[PDB]
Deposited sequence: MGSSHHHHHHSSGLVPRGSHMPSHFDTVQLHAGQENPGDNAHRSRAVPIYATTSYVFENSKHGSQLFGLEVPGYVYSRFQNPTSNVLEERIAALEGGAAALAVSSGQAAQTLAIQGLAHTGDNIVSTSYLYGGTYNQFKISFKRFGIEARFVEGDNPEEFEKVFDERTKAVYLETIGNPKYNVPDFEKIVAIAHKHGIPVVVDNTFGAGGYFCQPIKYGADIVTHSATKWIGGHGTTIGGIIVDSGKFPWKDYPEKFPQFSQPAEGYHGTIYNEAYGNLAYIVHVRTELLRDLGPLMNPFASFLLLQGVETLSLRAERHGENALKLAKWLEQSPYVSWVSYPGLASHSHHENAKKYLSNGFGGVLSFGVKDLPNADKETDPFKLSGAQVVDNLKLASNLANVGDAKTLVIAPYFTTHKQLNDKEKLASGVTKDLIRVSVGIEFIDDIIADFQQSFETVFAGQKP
């Protein structure tokens, strides 16, 4: 299970002061550059760009492809923060999001036209935890000269999945999650594979083909070759729109990256064990996790993930007797179970070293019985023991 990734996450971008300085300066960012190269190296990309958040990394990524009058094609299985960004905020920019339920390859193609500037996927989709069929979707997007953008947040900076290996062109990360690993720092990363042939599609992507008025009349394809996309995103979009990552955030996230494979491995082993334990528990109706045999999209998971199946799972708790008669929400077995955990923390992030839970129906396909768990790196027996005592307290004196 140890591999070269362990070396890369400590050395890529550090060429020759051993720790990298916080260049807290406006004027002459080396700290962000190390981070960028390291995540590039871990993803199997050519270059990367750091921005102030996951949401910013997704925003710039798409705005570097699509302009007013354009469209993008996305899975409907969206991290809920991405869904509003797409359907609502992007619409105010004249960018139309088109959603393909299920991920039959020919369903994608039926909404393609010449104004389609990206296909957008998530490595592990919220909230059915389906892994996309990267090869089929990439073949069909590339056939029509459309680049593929993948949110690989749940791939933990490349540890569980490197979608560039399966043909993805652009990868985005909420580094806020597993890359940082400690719930201290918000950040995003955009990674360019450097393999999408912009030159073949000068009319679809004029931003790389035509002199850039905003950058000394540079033709990005001529001046930067295969890095045209990421250079344009840096020199025009980041410059003009300004979601830059603070060097202190760059520093903290570099600290996390140094232990990424160790943390992620443990997150995955703990999540698979917790998911298996929940599934056999008499308190639980169902569990959703990509590493369970019972998972529908397990075939893709097995093919495209490695070293495990991600840090996150969902499960439903069985009802208290008199389930639907109870007029009060908070008194339902899901919210109760969350309120009685002592180890797990009730809050909305994922990718902390600490185990985190949320019961969606009660604050933020959301049923009342549903608990989402970002599984931490605590001792698995204490994690399980925490759920068990919560179940016990909630179903107090009353078989499961």
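Several segments of the deposited sequence have no coordinates for C-alpha: 1-20, 37-43, 56-80, 417-428, numbered from the first residue.
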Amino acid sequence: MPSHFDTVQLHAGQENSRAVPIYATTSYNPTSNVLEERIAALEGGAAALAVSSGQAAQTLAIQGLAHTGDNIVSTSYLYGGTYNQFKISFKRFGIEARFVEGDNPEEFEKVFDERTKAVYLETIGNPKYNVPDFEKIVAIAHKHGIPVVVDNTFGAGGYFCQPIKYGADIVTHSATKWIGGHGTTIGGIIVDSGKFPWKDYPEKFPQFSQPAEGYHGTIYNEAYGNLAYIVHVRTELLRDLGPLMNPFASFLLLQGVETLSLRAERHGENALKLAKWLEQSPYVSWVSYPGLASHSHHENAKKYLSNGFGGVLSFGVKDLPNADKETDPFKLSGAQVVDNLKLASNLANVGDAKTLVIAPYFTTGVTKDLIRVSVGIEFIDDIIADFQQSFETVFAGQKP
From here on, numbers count along this sequence of modelled residues.
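Relative to its counterpart among 246-254 and 118-126, 118-126 has the higher mean temperature factor, C-alpha atoms as listed in the PDB entry.
Just going by the entry, 378-386 versus 19-27 on mean CA temperature factor gives the higher value to 19-27. The entry assigns its greatest Cα B factor, within the set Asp151, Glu96, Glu107, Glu265, to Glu107. For the set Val51, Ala61, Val34, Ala335, the maximum C-alpha B-factor listed in the entry falls on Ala335. Per the PDB record, residue ranking by Cα B-factor puts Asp240 in the lowest third of the chain. Remark: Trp286 belongs to the highest third of its chain, ranked by C-alpha B-factor as recorded.
Annotation for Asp113: C-alpha temperature factor in the middle third relative to the rest of the modelled chain, per the entry. When the CA B factors of the chain's modelled residues are split into thirds, the value for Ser3 lands in the middle one.
Looking at the C-alpha B-factors along this chain, the one for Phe208 belongs to the middle third.
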